[PDB]
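Accompanying notes for the structure given below.
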Amino acid sequence: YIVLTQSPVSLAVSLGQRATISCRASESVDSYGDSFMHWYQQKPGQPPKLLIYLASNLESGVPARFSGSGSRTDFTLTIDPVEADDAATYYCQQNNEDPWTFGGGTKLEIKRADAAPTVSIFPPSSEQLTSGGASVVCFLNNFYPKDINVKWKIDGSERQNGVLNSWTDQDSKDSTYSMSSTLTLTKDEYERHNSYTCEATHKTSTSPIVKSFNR
Amino acid sequence: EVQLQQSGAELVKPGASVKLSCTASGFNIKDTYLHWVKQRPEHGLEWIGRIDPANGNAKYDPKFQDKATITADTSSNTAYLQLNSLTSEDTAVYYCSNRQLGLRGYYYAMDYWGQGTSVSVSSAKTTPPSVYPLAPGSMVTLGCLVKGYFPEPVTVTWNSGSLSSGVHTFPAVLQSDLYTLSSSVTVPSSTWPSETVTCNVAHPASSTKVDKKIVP
Amino acid sequence: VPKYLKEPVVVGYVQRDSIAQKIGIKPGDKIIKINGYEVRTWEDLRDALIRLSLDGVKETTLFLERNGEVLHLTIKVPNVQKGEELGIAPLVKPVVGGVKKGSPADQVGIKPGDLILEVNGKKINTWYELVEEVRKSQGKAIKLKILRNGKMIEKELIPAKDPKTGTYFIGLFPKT
């Protein structure tokens, strides 16, 4: 079968600039003056979407800033200029020969200007306290770059026990990330304390952004 | 307009089988082929096979030739994917698709995908999610916690879909054989709490469809 | 890449029920501008159309040449998010440039240089129409009237479903 090796595996490109992704095929994929090689874009949680087909042809509506070149065994997808919407994983695909194969994928990160998080803290719901649990939730929204730190404090003293973090994928419009931080503890010990602090440390600032509530 | 509409998420136990469906609109499958593609969590795309609905001739990747069985029904414009003898490598999102192409001199592309069907292969029983609201204690941020479910996935929407903007739904996390995620909505603080803000949660495997409105 | 992309926008084909047909664009029309975007090539047209849609323009003026006059028509800007297009194409005469060996067309003796006049008693003027009729054949035999050196010849052939193209194929490639 035709092996498709895709390069690079990952890259970070600044808004406005050029992205180059290559696909190598183990055997030729040409027939009667066409290359049976195509490029897909896959956004998080979405099905693949065709961009280029038969090496070089734009799918309807796909902007000219996308182009495909190559023949035979060596193919390139160019994205120039790159925009916020291009945050995604890209795949080459060949169908010259059965079975149809995909390349391994290339994950494109969009480099944008640094942006500090918007922090929000939320107390446990009555609905949760009634059922016996106590989750304190902190949203760090719309920041760049992805790297961020969160510290919890219960009455001024630090806690990392029972903290879980989850990052979104890069936003297709503003190129930012977001992060939820969830502190889970028993209803029991939650009601034994008053001050609940969430503080975010991000490249944008030496001093942390702090959000609190008193129970 | 062309659509490929796939059946809902499936929780299945190891060793068994599942049958997924794909229903096509705006074209006759009989005039073309339907394809099935596999995508495991954190993995890329793998072609499973195609079928010609006109003659039932299905072709596979030799690696799937015996674990996947592809059938089609022209009268109901529908293709099926049957996975048998399920292992944990079979846990994935499954996509049906159609492509049609014009060649040199008359280039065109028709390319359509279903939304995908999630298949979880597990011994574990189904547990429904708990759905808790998040409220503060010119822009207001509100949330919705979805706690302790199995398996994935779950769908969260705000005001039945009237809010797709300013919405962050975070990837689930696995804590002791249960899943937890949350979602945040940011609206103009004139709309809240003047008007309704409600998170809609659906969990296929436990057949749950709870709504939870956010109150001060 | 196809060479028409860098050529002037002379309409050869108008898709049926397309924005183009609705407003009365005809083969022979030379598209020269749309909104404030000069159209010298098919590529310019494509790029302008995508730009307008993405900038949220709903309606704009299309400038044509017809019998040496400029015509101004208001068009809906095609929705690129739905893949919607204007519905015009450059002329590709139904002249055979190549015949794949072994193909249904090869088997019935179709040769490079043939002019396909008619498919199933339906006159065609363009390669797009031939393609359309093959796509709609349902894998049943189709009749072709062919012109070879001024002589009228009748041919009948059965389209094969081709896994590469996802559709019926008879084995013909147009002349460029």
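Residue numbers start at 1 in each chain; chains themselves are named A, B, ... in the order of the structure tokens; ligands are numbered from 1 in the order shown.
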
Could you give me, as a short mmCIF file (atom, residue, chain, number, x, y, z; two decimals) with C-alpha atoms, in the first residue's frame, the residues within 12 Å of residue 1 in chain B, counting only C-alpha atoms and dropping anything in the same chain fewer than 4 positions from it?
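What landed in out28.cif:
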```cif
data_model
loop_
_atom_site.label_atom_id
_atom_site.label_comp_id
_atom_site.auth_asym_id
_atom_site.auth_seq_id
_atom_site.Cartn_x
_atom_site.Cartn_y
_atom_site.Cartn_z
CA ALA B 24 -27.75 10.40 2.57
CA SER B 25 -29.84 13.36 1.32
CA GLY B 26 -29.68 15.36 -1.91
CA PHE B 27 -28.08 12.54 -3.90
CA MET B 110 -18.13 17.04 -4.27
CA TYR B 112 -19.34 15.41 2.09
CA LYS C 82 -21.90 26.81 1.55
CA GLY C 83 -19.48 26.40 -1.39
CA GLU C 84 -21.94 28.35 -3.59
#
```

Would you mind listing, as a PDB file with N, CA and C atoms, in the first residue's frame, all residues of chain A that have at least one atom within 10 Å of chain C, where only C-alpha atoms are what counts?
```pdb
ATOM      1  N   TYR A  32      -2.806   9.276 -15.848  1.00  0.00           N
ATOM      2  CA  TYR A  32      -3.346  10.060 -16.966  1.00  0.00           C
ATOM      3  C   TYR A  32      -3.311  11.580 -16.784  1.00  0.00           C
ATOM      4  N   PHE A  36      -3.470  11.705  -7.774  1.00  0.00           N
ATOM      5  CA  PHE A  36      -4.583  11.382  -6.915  1.00  0.00           C
ATOM      6  C   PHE A  36      -4.201  11.539  -5.454  1.00  0.00           C
ATOM      7  N   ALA A  55      -4.021  17.227  -6.244  1.00  0.00           N
ATOM      8  CA  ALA A  55      -2.779  17.982  -6.007  1.00  0.00           C
ATOM      9  C   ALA A  55      -2.922  19.499  -5.914  1.00  0.00           C
ATOM     10  N   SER A  56      -3.712  20.114  -6.801  1.00  0.00           N
ATOM     11  CA  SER A  56      -3.628  21.577  -7.002  1.00  0.00           C
ATOM     12  C   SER A  56      -4.935  22.377  -7.170  1.00  0.00           C
ATOM     13  N   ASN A  57      -6.078  21.716  -7.092  1.00  0.00           N
ATOM     14  CA  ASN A  57      -7.336  22.385  -7.394  1.00  0.00           C
ATOM     15  C   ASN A  57      -8.060  22.810  -6.146  1.00  0.00           C
ATOM     16  N   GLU A  59     -11.040  23.579  -3.751  1.00  0.00           N
ATOM     17  CA  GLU A  59     -12.437  23.278  -3.496  1.00  0.00           C
ATOM     18  C   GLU A  59     -13.214  24.598  -3.446  1.00  0.00           C
ATOM     19  N   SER A  60     -14.503  24.528  -3.802  1.00  0.00           N
ATOM     20  CA  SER A  60     -15.378  25.694  -3.875  1.00  0.00           C
ATOM     21  C   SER A  60     -15.306  26.463  -2.595  1.00  0.00           C
ATOM     22  N   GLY A  61     -15.037  27.761  -2.702  1.00  0.00           N
ATOM     23  CA  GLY A  61     -15.036  28.628  -1.537  1.00  0.00           C
ATOM     24  C   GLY A  61     -13.723  28.707  -0.777  1.00  0.00           C
ATOM     25  N   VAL A  62     -12.817  27.754  -1.002  1.00  0.00           N
ATOM     26  CA  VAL A  62     -11.511  27.778  -0.337  1.00  0.00           C
ATOM     27  C   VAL A  62     -10.657  28.924  -0.909  1.00  0.00           C
ATOM     28  N   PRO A  63     -10.173  29.819  -0.032  1.00  0.00           N
ATOM     29  CA  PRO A  63      -9.373  30.991  -0.418  1.00  0.00           C
ATOM     30  C   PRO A  63      -8.066  30.628  -1.105  1.00  0.00           C
ATOM     31  N   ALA A  64      -7.632  31.494  -2.024  1.00  0.00           N
ATOM     32  CA  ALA A  64      -6.423  31.296  -2.833  1.00  0.00           C
ATOM     33  C   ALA A  64      -5.143  31.249  -1.999  1.00  0.00           C
ATOM     34  N   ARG A  65      -5.212  31.771  -0.780  1.00  0.00           N
ATOM     35  CA  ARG A  65      -4.101  31.687   0.145  1.00  0.00           C
ATOM     36  C   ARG A  65      -3.730  30.221   0.434  1.00  0.00           C
ATOM     37  N   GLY A  68      -1.718  24.051  -3.553  1.00  0.00           N
ATOM     38  CA  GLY A  68      -1.111  22.728  -3.540  1.00  0.00           C
ATOM     39  C   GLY A  68      -0.230  22.596  -4.756  1.00  0.00           C
ATOM     40  N   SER A  69       0.922  21.963  -4.588  1.00  0.00           N
ATOM     41  CA  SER A  69       1.812  21.728  -5.716  1.00  0.00           C
ATOM     42  C   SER A  69       2.462  20.366  -5.570  1.00  0.00           C
ATOM     43  N   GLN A  94      -4.392   9.967  -0.346  1.00  0.00           N
ATOM     44  CA  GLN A  94      -4.208   9.496  -1.726  1.00  0.00           C
ATOM     45  C   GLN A  94      -5.236   8.431  -2.075  1.00  0.00           C
ATOM     46  N   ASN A  95      -5.690   8.416  -3.315  1.00  0.00           N
ATOM     47  CA  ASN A  95      -6.602   7.352  -3.734  1.00  0.00           C
ATOM     48  C   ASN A  95      -6.284   6.843  -5.126  1.00  0.00           C
ATOM     49  N   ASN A  96      -5.002   6.891  -5.491  1.00  0.00           N
ATOM     50  CA  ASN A  96      -4.547   6.340  -6.766  1.00  0.00           C
ATOM     51  C   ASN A  96      -4.657   4.824  -6.786  1.00  0.00           C
ATOM     52  N   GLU A  97      -4.624   4.248  -5.596  1.00  0.00           N
ATOM     53  CA  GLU A  97      -4.424   2.838  -5.428  1.00  0.00           C
ATOM     54  C   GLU A  97      -5.132   2.427  -4.148  1.00  0.00           C
ATOM     55  N   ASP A  98      -5.778   1.264  -4.178  1.00  0.00           N
ATOM     56  CA  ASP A  98      -6.385   0.704  -2.981  1.00  0.00           C
ATOM     57  C   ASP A  98      -5.299   0.042  -2.122  1.00  0.00           C
ATOM     58  N   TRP A 100      -7.103   3.292   0.144  1.00  0.00           N
ATOM     59  CA  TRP A 100      -6.943   4.735   0.323  1.00  0.00           C
ATOM     60  C   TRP A 100      -6.181   4.980   1.591  1.00  0.00           C
TER      61      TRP A 100
END
```

- Between B:147, B:213, B:40, B:104, which is the closest to residue 120 in chain B once you count only C-alpha atoms? B:40

- Item | Coordinates-based distance that separates CA of residue 168 in chain C from CA of residue 132 in chain C (Å, one decimal) |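 If I compute the distance from CA of residue 132 in chain C to CA of residue 168 in chain C, I get 10.1 Å.
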
Give me, as JSON lines, each residue of chain C that comes within 12 Å of chain B, together with its shortest interatomic pair and the distance in Å at one decimal, counting only C-alpha atoms, with rows ordered by chain and rising residue number.
```
{"residue": "C:1", "atom": "CA", "partner": "B:104", "partner_atom": "CA", "distance": 9.2}
{"residue": "C:2", "atom": "CA", "partner": "B:105", "partner_atom": "CA", "distance": 7.7}
{"residue": "C:3", "atom": "CA", "partner": "B:105", "partner_atom": "CA", "distance": 10.0}
{"residue": "C:4", "atom": "CA", "partner": "B:105", "partner_atom": "CA", "distance": 10.0}
{"residue": "C:13", "atom": "CA", "partner": "B:106", "partner_atom": "CA", "distance": 11.6}
{"residue": "C:82", "atom": "CA", "partner": "B:1", "partner_atom": "CA", "distance": 9.5}
{"residue": "C:83", "atom": "CA", "partner": "B:110", "partner_atom": "CA", "distance": 9.9}
{"residue": "C:84", "atom": "CA", "partner": "B:1", "partner_atom": "CA", "distance": 11.0}
{"residue": "C:85", "atom": "CA", "partner": "B:108", "partner_atom": "CA", "distance": 11.7}
{"residue": "C:89", "atom": "CA", "partner": "B:106", "partner_atom": "CA", "distance": 9.3}
{"residue": "C:90", "atom": "CA", "partner": "B:106", "partner_atom": "CA", "distance": 9.8}
{"residue": "C:91", "atom": "CA", "partner": "B:105", "partner_atom": "CA", "distance": 10.1}
{"residue": "C:92", "atom": "CA", "partner": "B:105", "partner_atom": "CA", "distance": 7.3}
{"residue": "C:93", "atom": "CA", "partner": "B:105", "partner_atom": "CA", "distance": 10.0}
{"residue": "C:94", "atom": "CA", "partner": "B:105", "partner_atom": "CA", "distance": 10.3}
{"residue": "C:95", "atom": "CA", "partner": "B:105", "partner_atom": "CA", "distance": 10.9}
{"residue": "C:96", "atom": "CA", "partner": "B:105", "partner_atom": "CA", "distance": 10.7}
{"residue": "C:97", "atom": "CA", "partner": "B:105", "partner_atom": "CA", "distance": 10.0}
{"residue": "C:98", "atom": "CA", "partner": "B:104", "partner_atom": "CA", "distance": 11.0}
{"residue": "C:126", "atom": "CA", "partner": "B:106", "partner_atom": "CA", "distance": 10.1}
{"residue": "C:127", "atom": "CA", "partner": "B:106", "partner_atom": "CA", "distance": 7.3}
{"residue": "C:128", "atom": "CA", "partner": "B:106", "partner_atom": "CA", "distance": 6.6}
{"residue": "C:129", "atom": "CA", "partner": "B:106", "partner_atom": "CA", "distance": 10.2}
{"residue": "C:130", "atom": "CA", "partner": "B:106", "partner_atom": "CA", "distance": 10.3}
{"residue": "C:131", "atom": "CA", "partner": "B:106", "partner_atom": "CA", "distance": 8.2}
{"residue": "C:132", "atom": "CA", "partner": "B:102", "partner_atom": "CA", "distance": 10.5}
{"residue": "C:134", "atom": "CA", "partner": "B:31", "partner_atom": "CA", "distance": 10.7}
{"residue": "C:135", "atom": "CA", "partner": "B:31", "partner_atom": "CA", "distance": 7.9}
{"residue": "C:136", "atom": "CA", "partner": "B:31", "partner_atom": "CA", "distance": 8.1}
{"residue": "C:137", "atom": "CA", "partner": "B:31", "partner_atom": "CA", "distance": 8.9}
{"residue": "C:138", "atom": "CA", "partner": "B:31", "partner_atom": "CA", "distance": 6.3}
{"residue": "C:139", "atom": "CA", "partner": "B:31", "partner_atom": "CA", "distance": 8.1}
{"residue": "C:140", "atom": "CA", "partner": "B:31", "partner_atom": "CA", "distance": 11.2}
{"residue": "C:159", "atom": "CA", "partner": "B:31", "partner_atom": "CA", "distance": 11.3}
{"residue": "C:160", "atom": "CA", "partner": "B:31", "partner_atom": "CA", "distance": 10.7}
{"residue": "C:161", "atom": "CA", "partner": "B:32", "partner_atom": "CA", "distance": 7.4}
{"residue": "C:162", "atom": "CA", "partner": "B:32", "partner_atom": "CA", "distance": 8.7}
{"residue": "C:163", "atom": "CA", "partner": "B:33", "partner_atom": "CA", "distance": 7.7}
{"residue": "C:164", "atom": "CA", "partner": "B:101", "partner_atom": "CA", "distance": 7.9}
{"residue": "C:165", "atom": "CA", "partner": "B:101", "partner_atom": "CA", "distance": 4.8}
{"residue": "C:166", "atom": "CA", "partner": "B:100", "partner_atom": "CA", "distance": 4.5}
{"residue": "C:167", "atom": "CA", "partner": "B:32", "partner_atom": "CA", "distance": 5.3}
{"residue": "C:168", "atom": "CA", "partner": "B:31", "partner_atom": "CA", "distance": 7.7}
{"residue": "C:169", "atom": "CA", "partner": "B:102", "partner_atom": "CA", "distance": 10.1}
{"residue": "C:171", "atom": "CA", "partner": "B:103", "partner_atom": "CA", "distance": 11.0}
{"residue": "C:172", "atom": "CA", "partner": "B:103", "partner_atom": "CA", "distance": 10.1}
{"residue": "C:173", "atom": "CA", "partner": "B:105", "partner_atom": "CA", "distance": 7.2}
{"residue": "C:174", "atom": "CA", "partner": "B:105", "partner_atom": "CA", "distance": 5.9}
{"residue": "C:175", "atom": "CA", "partner": "B:105", "partner_atom": "CA", "distance": 7.7}
{"residue": "C:176", "atom": "CA", "partner": "B:105", "partner_atom": "CA", "distance": 7.0}
```

Counting only C-alpha atoms, which residues of chain B sit at most 9 Å from some atom of chain A, and what is each one's closest atom pair with its distance in Å to one decimal, listed by chain and rising residue number, as CSV?
```
residue,atom,partner,partner_atom,distance
B:43,CA,A:104,CA,8.4
B:44,CA,A:104,CA,5.9
B:45,CA,A:102,CA,6.2
B:46,CA,A:102,CA,6.5
B:47,CA,A:100,CA,6.1
B:48,CA,A:100,CA,8.5
B:49,CA,A:99,CA,7.8
B:59,CA,A:99,CA,8.4
B:60,CA,A:99,CA,7.0
B:61,CA,A:99,CA,5.2
B:62,CA,A:99,CA,7.9
B:95,CA,A:47,CA,7.5
B:101,CA,A:53,CA,8.3
B:103,CA,A:34,CA,7.5
B:104,CA,A:34,CA,7.0
B:107,CA,A:57,CA,7.5
B:108,CA,A:59,CA,7.6
B:109,CA,A:59,CA,6.2
B:110,CA,A:59,CA,8.5
B:111,CA,A:50,CA,6.7
B:112,CA,A:49,CA,8.1
B:113,CA,A:47,CA,6.4
B:114,CA,A:47,CA,7.2
B:115,CA,A:47,CA,6.0
B:116,CA,A:47,CA,6.9
B:130,CA,A:128,CA,8.7
B:131,CA,A:127,CA,8.6
B:132,CA,A:125,CA,6.2
B:133,CA,A:125,CA,6.2
B:134,CA,A:122,CA,6.1
B:135,CA,A:122,CA,6.3
B:136,CA,A:122,CA,5.8
B:137,CA,A:123,CA,6.3
B:141,CA,A:120,CA,7.2
B:142,CA,A:122,CA,8.6
B:143,CA,A:122,CA,8.3
B:145,CA,A:137,CA,8.5
B:168,CA,A:168,CA,7.5
B:169,CA,A:168,CA,7.3
B:170,CA,A:168,CA,5.3
B:171,CA,A:166,CA,6.2
B:172,CA,A:166,CA,7.4
B:173,CA,A:166,CA,7.1
B:175,CA,A:164,CA,8.8
B:181,CA,A:166,CA,8.2
B:182,CA,A:180,CA,7.6
B:183,CA,A:180,CA,8.7
B:184,CA,A:139,CA,7.7
```

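You will find CA of residue 53 in chain B at 24.2 Å from CA of residue 105 in chain C.
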
- Query: residue 12 in chain A: which residues within 9 Å, counting only C-alpha atoms, same-chain residues fewer than 6 positions away excluded, as number ranges by chain?
  - Reply: A: 19, 107-111

Atoms kept (C-alpha atoms) for selection, written as an mmCIF file, in the first residue's frame:
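Output saved as selection14.cif:
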```cif
data_model
loop_
_atom_site.group_PDB
_atom_site.id
_atom_site.type_symbol
_atom_site.label_atom_id
_atom_site.label_comp_id
_atom_site.auth_asym_id
_atom_site.auth_seq_id
_atom_site.Cartn_x
_atom_site.Cartn_y
_atom_site.Cartn_z
ATOM 1 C CA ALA A 19 2.861 27.693 6.403
ATOM 2 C CA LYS A 107 -0.997 20.222 13.686
ATOM 3 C CA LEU A 108 -0.852 23.965 12.923
ATOM 4 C CA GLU A 109 -0.646 26.426 15.801
ATOM 5 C CA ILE A 110 -1.355 30.103 15.140
ATOM 6 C CA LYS A 111 1.050 32.572 16.783
#
```

- Once DSSP has gone over the backbone, tell me which residues of range 87-127 of chain C are in strand (DSSP E or B), as a VMD selection string. chain C and resid 88 to 89 95 to 99 115 to 119 122 to 123

Selected residues written out with N, CA and C atoms, as a short mmCIF file (atom, residue, chain, number, x, y, z; two decimals), in the first residue's frame:
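The result, stored in again.cif:
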```
data_model
loop_
_atom_site.label_atom_id
_atom_site.label_comp_id
_atom_site.auth_asym_id
_atom_site.auth_seq_id
_atom_site.Cartn_x
_atom_site.Cartn_y
_atom_site.Cartn_z
N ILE C 88 -20.67 30.11 -13.81
CA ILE C 88 -20.14 30.26 -15.15
C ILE C 88 -18.84 29.46 -15.28
N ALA C 89 -18.49 29.08 -16.50
CA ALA C 89 -17.28 28.34 -16.75
C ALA C 89 -16.74 28.73 -18.12
N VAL C 95 -14.56 18.14 -27.67
CA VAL C 95 -13.64 17.47 -28.56
C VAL C 95 -12.77 16.55 -27.74
N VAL C 96 -12.67 15.30 -28.18
CA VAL C 96 -11.85 14.31 -27.51
C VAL C 96 -10.37 14.63 -27.74
N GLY C 97 -9.61 14.69 -26.65
CA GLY C 97 -8.16 14.87 -26.71
C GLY C 97 -7.42 13.60 -26.36
N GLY C 98 -8.03 12.77 -25.52
CA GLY C 98 -7.43 11.50 -25.12
C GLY C 98 -8.49 10.45 -24.85
N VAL C 99 -8.11 9.18 -25.05
CA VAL C 99 -8.96 8.02 -24.76
C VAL C 99 -8.15 7.02 -23.94
N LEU C 115 -15.63 14.79 -32.29
CA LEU C 115 -16.50 15.80 -31.70
C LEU C 115 -17.82 15.17 -31.30
N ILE C 116 -18.10 15.16 -30.00
CA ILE C 116 -19.37 14.65 -29.49
C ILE C 116 -20.45 15.71 -29.68
N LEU C 117 -21.47 15.38 -30.47
CA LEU C 117 -22.49 16.35 -30.86
C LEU C 117 -23.71 16.24 -29.96
N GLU C 118 -23.94 15.03 -29.47
CA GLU C 118 -25.22 14.66 -28.93
C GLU C 118 -25.06 13.46 -27.99
N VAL C 119 -25.72 13.53 -26.84
CA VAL C 119 -25.73 12.42 -25.89
C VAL C 119 -27.17 12.06 -25.61
N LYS C 122 -29.74 14.34 -27.04
CA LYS C 122 -29.66 15.67 -26.44
C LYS C 122 -28.38 16.32 -26.95
N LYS C 123 -28.53 17.40 -27.72
CA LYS C 123 -27.38 18.15 -28.24
C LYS C 123 -26.59 18.75 -27.10
#
```
